[PDB]
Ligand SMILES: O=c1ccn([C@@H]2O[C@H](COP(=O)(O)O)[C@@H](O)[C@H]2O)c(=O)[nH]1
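What follows is one chain in structure tokens, specifically the form deposited without ligand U5P.
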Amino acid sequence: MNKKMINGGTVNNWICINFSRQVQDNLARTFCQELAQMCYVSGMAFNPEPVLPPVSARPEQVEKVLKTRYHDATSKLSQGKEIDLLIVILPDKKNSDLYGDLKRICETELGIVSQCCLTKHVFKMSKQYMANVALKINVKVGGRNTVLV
């Protein structure tokens, strides 16, 4: 069977950064909209709109794009409010260094939860995939999912 959300986390404030040259900005927007919708119907509080529009960046510029986009989003919010989630679109082929850098920067420098999604899955946007990503986001932000065993 499928896991379900018992307790849904809250994603009030989120942003997206794209690192794939196969993905145009409006596709990143659509993907995030569909993901937000799936998180919501699965049981989360999830803002349908991001703090800032999605941006595309070169993998080489990972530290600069992350820090700049984080500062711009948190400055826009003010009030000591935090970014609850960064959605990252990754290229299909060797994301190794990029992925490691992303997680290091988000975990240890920015202190933000990130969820990475591969390009091929972004194009397909299958219900199964979106539901699976939603379950992952939920537990990362402090929600609770069922177990099957």
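Start at 1 and count along the sequence shown; that's the residue number.
Just so you know, the form solved in complex with ligand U5P exists too; it's not on screen, but the next bit is about it.
Asker: Taking the pose of ligand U5P in the bound PDB entry and superposing the surrounding C-alphas, is this site open or blocked by backbone or C-beta atoms within 2.4 Å of 3 or more ligand atoms?
Answerer: Output flag = open.
Asker: Determine which one of 93-101, 65-73, 30-38, 47-55 lies within 4.5 Å of ligand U5P in the bound PDB entry, judging by heavy atom distances; exactly one does.
Answerer: Contact criterion met by 93-101 only.
Asker: With the partner left out here, check for me: in the bound PDB entry, does some heavy atom of residue 42 sit within 4.5 Å of ligand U5P?
Answerer: The answer is no: residue 42 has no heavy atom within 4.5 Å of ligand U5P.
Asker: Would residue 136 show up as a contact with ligand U5P in the bound PDB entry if we use heavy atoms at 4.5 Å?
Answerer: Residue 136: contacts ligand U5P in the bound PDB entry.
Asker: Is residue 110 part of the interface with ligand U5P in the bound PDB entry - any heavy atom within 4.5 Å?
Answerer: No, no contact at 4.5 Å.
Asker: So in the bound PDB entry, does any heavy atom of residue 21 sit within 4.5 Å of ligand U5P?
Answerer: Close contact is absent here: in the bound PDB entry, residue 21 is far from ligand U5P, nothing within 4.5 Å, heavy atoms only.
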